[PDB]
Every structure is written in structure tokens, then in C-alpha cells.
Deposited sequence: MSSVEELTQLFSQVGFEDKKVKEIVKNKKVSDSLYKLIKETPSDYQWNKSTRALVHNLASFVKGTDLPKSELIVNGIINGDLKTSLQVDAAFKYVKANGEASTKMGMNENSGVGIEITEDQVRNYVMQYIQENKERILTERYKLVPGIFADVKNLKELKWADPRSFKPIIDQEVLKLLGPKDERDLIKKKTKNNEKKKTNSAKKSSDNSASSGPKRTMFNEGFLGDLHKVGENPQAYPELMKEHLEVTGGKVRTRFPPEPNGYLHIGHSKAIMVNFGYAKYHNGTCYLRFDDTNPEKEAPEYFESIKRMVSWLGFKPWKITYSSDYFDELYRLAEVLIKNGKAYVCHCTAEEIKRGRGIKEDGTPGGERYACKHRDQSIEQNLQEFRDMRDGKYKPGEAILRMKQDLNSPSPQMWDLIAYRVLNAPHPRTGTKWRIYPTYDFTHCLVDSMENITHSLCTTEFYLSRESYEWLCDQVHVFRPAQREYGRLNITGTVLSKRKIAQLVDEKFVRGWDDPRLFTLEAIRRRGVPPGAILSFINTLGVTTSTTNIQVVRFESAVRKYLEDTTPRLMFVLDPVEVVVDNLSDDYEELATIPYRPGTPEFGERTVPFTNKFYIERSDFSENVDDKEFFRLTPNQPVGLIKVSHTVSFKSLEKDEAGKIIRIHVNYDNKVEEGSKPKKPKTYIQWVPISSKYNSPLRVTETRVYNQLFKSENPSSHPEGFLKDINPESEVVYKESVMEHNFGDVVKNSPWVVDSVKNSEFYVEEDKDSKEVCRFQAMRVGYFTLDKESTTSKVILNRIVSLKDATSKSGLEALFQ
């Protein structure tokens, strides 16, 4: 019964209405508005695509609310003016939804600019802010900073009367200062040992339009100003951020107290750090721009869009996050570890098909054209709810080129050779080599065998029959096999730069693979959900029309799903992950 929500960091969280206040009477309205129910928020900046790390923030905030029958905001933190970029907003919405969560309301930090400005005047009127005209360097010097440790002291602006500050702030608003010539600073404590109390900048002059508020504003608040005040206005009961910002909790609470508003409870958890890839917008941008990957959703990347297109089930991500647990400590996870978790999840949940990447035609010389041995095969052993299907064994079929070898002295090779018969999955007898045919280039184009129907074979291989009756094979136009994008676990530390740690074989494309005809029924009945998952607390209902929900295990090959670009006419598969953890090879 124990999950991340009732133990560790989330388990130790306060109850609604039991977090400390500077002013006692403010809790009353808080409880009235919240109704004593949990209110969290997911407040991403809509200036980029979300990556795997954000899955933890999503699950933590939406999950905690859900667990307590409360609500979670989806708040676009658009505090800073930016160029229009709708794609980021919609992607964020899709990813939240993809992971199975629902915002009770969607808001923007910019929705509160009017109230934020008012509170800024309140802060000034309470003698807790001043208008400063110091340059960036003069501000650094006042903070004892090009190395730190120096003496700290106030500028002359800090002593300004309330009247002067208020007038100058209104002049900032009305465009009487150029950008940088004036800022509103919080009047905190320059003698404090904490940098977050060194008179933080609250408002800047930017003279730039805003997508939501147009040309209305010449001045904008900073994150230091907006985050706690918006949390307060939205009556957040649990403001959950990463420990990366633990130091700012002091100034977070200070600001609320200075303008006499409800003081929300900011509590910090350790973020998820994925190593073995690159997550910065600038570096991924380089990969995309220079064509190292196909785009921002390329399956080799660890953006959430990429992970979705790759075929990683959303429930696997949720389960993974829960297993790691949530505490004040960061979770530092290798790509290999994440991929192992996905692999195990897929092994528990996927239907199993016979699929041949690089097919070689096999002809059975001693079987008639009307011979048909119907092999009925469960979609997944030990999973009755997945049912079964049938595959016709005829006198013509395809096997993997890698499942035949002419080298009869290779004691490690357990498949088909001229001196060694091979078994076929769910087929009664083995097949034995008779002859082969090559083209001028020496490539094998056909193998003749006998069906040994009148000593056990070393292994049983997959096969795809040629059978017009059952429209077999299903022909796959393109199969994209993905390996590690980088050769090392720390690409950014590569001498010649991270781009030089790229793995040349990160994407291997196979053309004209062949698949058993029952793939059609697999597609039709996707997603395939085992009972254990259906009844778990991490079940995510997926869109049955999404391509990526068509996940399956290709026996002896790996785990695959349909790519975004796939169609019935031109089937395109992505390999989600290989069958097994790495070997020395």
C-alpha cells in the first residue's frame, strides 16, 4: 500500500492549514477558498520542451493533489517577456495529459501582473522596497563581489523616502526610465550571510511587449517577486520545488510577510538528474540544428516528447519515479538504468510477436503447397487475458539472416547451419539444411530445407510464413533500431566537446522487414494492458489512436512500437529498447 505519496518527502508534508503564518488571521480565508483540500501547482516556463526530469515535478505535484482528492494548477510561468512560441505551451499540456494527469485550472503568471504591481506599491509603502539606479557592477560591488567575499554596503538609493520610491516606481511604470536605468529592489538585509537577502531585484524596466498583455507593461516582476505572491493568490497549500532553490525559501517567506499576504508553504525535494545525455536547450538545439537527430522528439533524446515517440509507456515512467522514491535527496540516474527499468516494464506488459528484421526466404522441399500446420501461440505466456492467435506453418517462410550460418565449426552458434537443424517456435518438427542460393554479390537469397517429420534442436527461432490465405507476411517499410546517442556516460566531459562523443550507430534503419499477420490485431487492440498494471496505482489510460501505444515484444529481437510517421500503407517501427541488458558482446 505504501507509495511515494504516503512516505518519504511527500509523506512528511504538513496537513492543509497547518503550515506556519506570520499573521494568524490569514489562514481563515485560505481554508475557506481551498475548502481544506490540497492545492498544488506545476509551474513550468513555456520557453522550451520538457525533458525526463520534469516527469518527477509533474508526478509529484499532480500526483500528491490527486492522492489527497485535491487539485493542481497548470501554471505557465510567463513572468519574463518572450517571443510568441505556442508549440511549447501545447507540448506542456500534452505531456501533462500523456502522463495521465489533469489540471483543474490553467493559469499564467502574467494573469496577475495587475495585482503584482499593486503589491509592489504595498511593499514600497511598508518601507520594504526602494528604487535603485545602480549599474550591474555597482550592485555586485555592494554585495561584496570578479570574486565574492568582499565588504557589503548599501547604496544611497536604499535610504530613499517612501514618497520618493513610490514616485520613482510609478515613473518606471510610465516609461521615464530606459531599461537598466532603474530597478525596484526589496529592502531586506545586506548584512545577512544569505545572498537571497541582499536586496533582490523585484522589478525591471524592459520596454518589450508580452504575448498575453501586449504593450501594456514597460516593467515586469522577477521570479523572486512573482513566485511566492502568485502561489499566495492561488492559495497553494503545498508549493513543491526542487532543493536547488532551498536557499530562496527565506526570501520567499519574507516577501509574503512584508506585504501581509497568506504565506504558502514552500517545501523542497531532490530533483531527478539523468546522466549520460544532454538536457540543456542549447546543446539539444545544436543536435537538432546540425542534423545529429531528426528533431526535438527524436527517440534518441530525453525530452518527454522524444521519450513518448520512442515508445516508452507513460506508466513505466510513473512507476520508475515511485520506485526511486521522493526525498530531499536528488536521484541521480544513468540512462542505462532508466532503459533497464523500461525494459523490465515492457517484459511484463507486452504481447509477443514473430518479426524478422533482415529476412531470408526459406523453402521447404518436402512439403506440399497445400500443407498448413496451424500453430496457435499465446500472445504472452502466463497472461490469459491477452488470449492467443494462430500462425500457419507452410512450405515457405522467412527467418533472420543471422539465424543461418555456413560456419559449422562455430560451437557458440545454436541456430541453422548445414550441419545443424533448427527448431521453429511452436512448430512440431525441426528443419534441416539442404542447399542455399546466393546472388552475384554472395548474398544469400534463398535457403532450401527439409521438414524433419520422418536430437532436440539447440534453439527455436521466430519465423514469418508466406501465406496468401492469411495475408502473411505483413511487410514493414522501415524499422528504426535505436542505440545510445553517446559513446560515454559523460559526453559533456569529452575533450573535443559533447558532439564528438556521438555514437555513429545510434540509429540503424532496416528496410522491408517482415511481420506475422496478427500484428493487425495487435494494433487494433492497443494498448495491451495486463491486469497487474490495470489494478496498480500507476495505470495510465492512453489514447488508443496514438501510434506509440502499439507496443510489442519481437521475440528474440527486441521491443518495438509504431512511429509517429507510420501508416497502414507504409509501416514504420521504432525499437523502444533491446531485449536484454548489455553484454560484453
Would you flag the ranges of the deposited sequence that the structure leaves without C-alpha positions? 1-214, 360-362, 672-678, 810-817
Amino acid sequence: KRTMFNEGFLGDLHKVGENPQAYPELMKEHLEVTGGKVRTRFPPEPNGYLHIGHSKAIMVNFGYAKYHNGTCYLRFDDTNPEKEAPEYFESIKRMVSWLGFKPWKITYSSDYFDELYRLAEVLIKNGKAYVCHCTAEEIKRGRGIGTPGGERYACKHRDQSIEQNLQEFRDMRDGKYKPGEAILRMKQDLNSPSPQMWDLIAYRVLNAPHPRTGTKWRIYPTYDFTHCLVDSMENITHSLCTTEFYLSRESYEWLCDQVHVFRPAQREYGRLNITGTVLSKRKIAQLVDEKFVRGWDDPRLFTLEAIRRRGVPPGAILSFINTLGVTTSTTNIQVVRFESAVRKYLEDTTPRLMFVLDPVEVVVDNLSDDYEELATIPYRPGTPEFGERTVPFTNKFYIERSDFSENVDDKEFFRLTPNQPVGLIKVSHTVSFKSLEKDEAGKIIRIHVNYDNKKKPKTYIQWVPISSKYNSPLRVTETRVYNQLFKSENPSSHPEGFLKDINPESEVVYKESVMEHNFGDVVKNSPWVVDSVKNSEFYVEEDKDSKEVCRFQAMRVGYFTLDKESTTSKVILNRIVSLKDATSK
From here on, numbers count along this sequence of modelled residues.
Mean CA B-factor: is it higher for 283-291 or for 215-223? 283-291
Entry-level comparison of average CA B-factors, 148-156 and 181-189, reporting the higher stretch: 148-156
Deposited CA B-factor, highest of 403, 365, 82, 121: 82
Top residue by Cα temperature factor, when 110, 161, 459, 450 are compared in the entry: 459
Split the chain's modelled residues into thirds by Cα B-factor; residue 310 lands in the middle
Against its chain's modelled residues, does residue 65's Cα B factor rank lowest, middle or highest third? middle
Assigned third (lowest, middle, highest) for the C-alpha B factor of residue 21: highest
Would you please rank residue 549 by its C-alpha temperature factor against the other modelled residues of its chain and give the third it falls in: lowest, middle or highest? middle
Using the B-factors in the PDB entry, rank residue 473's C-alpha atom against the chain and give the third, lowest, middle or highest. lowest
